[PDB]
Structure formats: C-alpha cells, structure tokens
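Hydrogens, waters and symmetry mates play no part in the numbers below; they use all other heavy atoms, side chains included. Residues: numbered from 1 along the sequence shown.
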Amino acid sequence: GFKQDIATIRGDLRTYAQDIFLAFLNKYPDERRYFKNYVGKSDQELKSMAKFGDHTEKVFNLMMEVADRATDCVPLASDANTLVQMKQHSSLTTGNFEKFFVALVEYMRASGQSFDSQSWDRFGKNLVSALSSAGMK
Ligand code: HEM
Ligand SMILES: Oc1ccc(Br)cc1
C-alpha cells in the first residue's frame, strides 16, 4: 500500500527521485523552463551536476515526509503551506503540481512494481486541494 510505497521510494530515494523527475520533464517538456540550469542538458549531463542529484533528492525527501504525515492520503495543511510559501515555488500554480502527480502516477503504473497508484493519484489530488486553500493560484 501507500505506506510501503513510501518505504520503497525512501530505500532508493535518489534513484526514484531522478527517474520520476525526468519522467515529469519528459511528459511535460515545457516545465523544464523553471529549471534554467537543466535546459539543454542530456540526462547523463544532469546526473554529473551536483545540484541535480541534490535537489531531486531533497524534493522527494520532502514529498515522502508530507506523504508519511498524511492520514488516508490527506496531507496536513501546514505541509501544503510550506510548499506554497517556498520562494522557489513563487511563480507556480496548482497546474504545475497536477502535472507532476500525473507523471508520478504514470511512472508508477508503467514500472512493473506493485505501487499503490490509485493512492498516489488521490494524494496528489488532495495535495492540490490543499495548495489552493493555502493560497496557490
Ligand atoms: C509535491 C511536490 C514538490 C515538492 C515536495 C517540492 C519540493 C522542493 C524542495 C524541497 C526544493 C528545494 C530543493 C533544494 O534547494 O535543494 C524545491 C525547489 C524547487 N522546486 Fe519544488 N517541489 C515540488 C514540486 C515542484 C514543481 C511541480 C515544480 C515546477 C514545475 C517545482 C519547482 C521548483 C524549483 C524551480 C525549485 C528551485 C530550483 C531548484 O531547486 O532546482 N517544484 N522544491
Ligand atoms: O531541482 C529540482 C528538481 C525537481 C523538482 Br520537482 C524541483 C527542483
């Protein structure tokens, strides 16, 4: 289930974080514009950049902590507010997050592992709800 999936992802955080982030950019290539240092670089070049691995991992660490603090896939409003108030997210809208979760769930369904994809979809939907309540446009 969802709790085991958090354990699976955490066990190999950096690899899942890179693979899912690249799945997101590959599905929605226009989103790369938010990451000006990743524009024009192959996946192997990205992997050679310290900040690529560091910041994928940090994104997914925070995502796992928000997931683990949720009850039945309903995140804390305080966690949604963290995400809204981060200066790094100041020009995003909930659609950016929706696309991220669509890509994440698609990756899970294509992986051939027994992720609880329906729960990640629902968690994403509930997180998007919470981001808009916390003021994201
Ligand atoms: C629930 C999903 C997300 C979580 C948990 C999250 C978390 C984070 C965290 C922890 C950082 C800081 C990383 C660091 O400084 O090392 C970060 C930075 C950033 N995030 Fe998010 N983020 C999420 C979704 C998104 C989405 C959808 C976008 C844009 C499409 C985005 C764009 C950015 C950008 C541009 C930065 C700063 C650039 C960078 O660190 O490379 N984030 N995010
Ligand atoms: O550097 C970053 C990698 C992945 C997301 Br999503 C945000 C920032």
Exercise for the section: Before accepting this row, confirm whether a basic side-chain N of the pair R122/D72 lies closer than 4.0 Å to the acidic partner's carboxylate O. Expected result: no
Problem - Atom CD of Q118 with >12 non-hydrogen neighbours under 6.0 angstrom - result: no
Problem - Note: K125-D121 ion pair, threshold 4.0 Å (strictly below) - result: yes
Exercise for the section: Verify side-chain contact (heavy atoms from CB on, under 4.5 Å) between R10 and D68, making sure each step is shown before the conclusion. Expected result: CA-CA 11 Å; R10 284 187 164 148; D68 208 18; 3.0 Å; yes
Handout entry: Short side-chain to backbone donor-acceptor contact, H89 and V84, under 3.5 Å
Key = no
Handout entry: Geometric class of the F60/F100 ring pair [parallel <30°, tilted 30-60°, perpendicular >60°]
Key = tilted
Handout entry: Polar contact flag, side-chain donor to acceptor under 3.5 angstrom, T8-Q4
Key = yes
Practice task
Using atom types as modelled and distance alone, determine if a side-chain donor or acceptor of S133 lies under 3.5 Å from a backbone N or O of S129.
Solution key: no
Exercise for the section: Check step by step if side-chain contact (heavy atoms from CB on, under 4.5 Å) holds for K47 and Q18. Expected result: CA-CA 8 Å; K47 290 172 183 182; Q18 294 180 350; 3.8 Å; yes
Handout entry: Any donor-acceptor pair under 3.5 Å from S42 side chain to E45 backbone
Key = yes
Practice task
Spell out, as yes or no, whether a donor-acceptor pair under 3.5 Å connects the side chain of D79 to the backbone of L76.
Solution key: no
Exercise for the section: Using atom types as modelled and distance alone, determine if a side-chain donor or acceptor of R32 lies under 3.5 Å from a backbone N or O of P29. Expected result: no
Problem - Which residues share a ring pair (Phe, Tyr, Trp, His ring centres under 6.0 Å) with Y38, sequence neighbours left out - result: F21, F35, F52
Exercise for the section: With sequence neighbours excluded, tell me which residues meet ring pair (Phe, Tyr, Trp, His ring centres under 6.0 Å) with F2. Expected result: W120, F123
Exercise for the section: Only counting residues at least two apart or in another chain, list the ones meeting ring pair (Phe, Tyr, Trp, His ring centres under 6.0 Å) with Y34. Expected result: none
Practice task
Keeping the roles fixed (side chain from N26, backbone from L22), state whether a donor-acceptor pair exists under 3.5 Å.
Solution key: yes
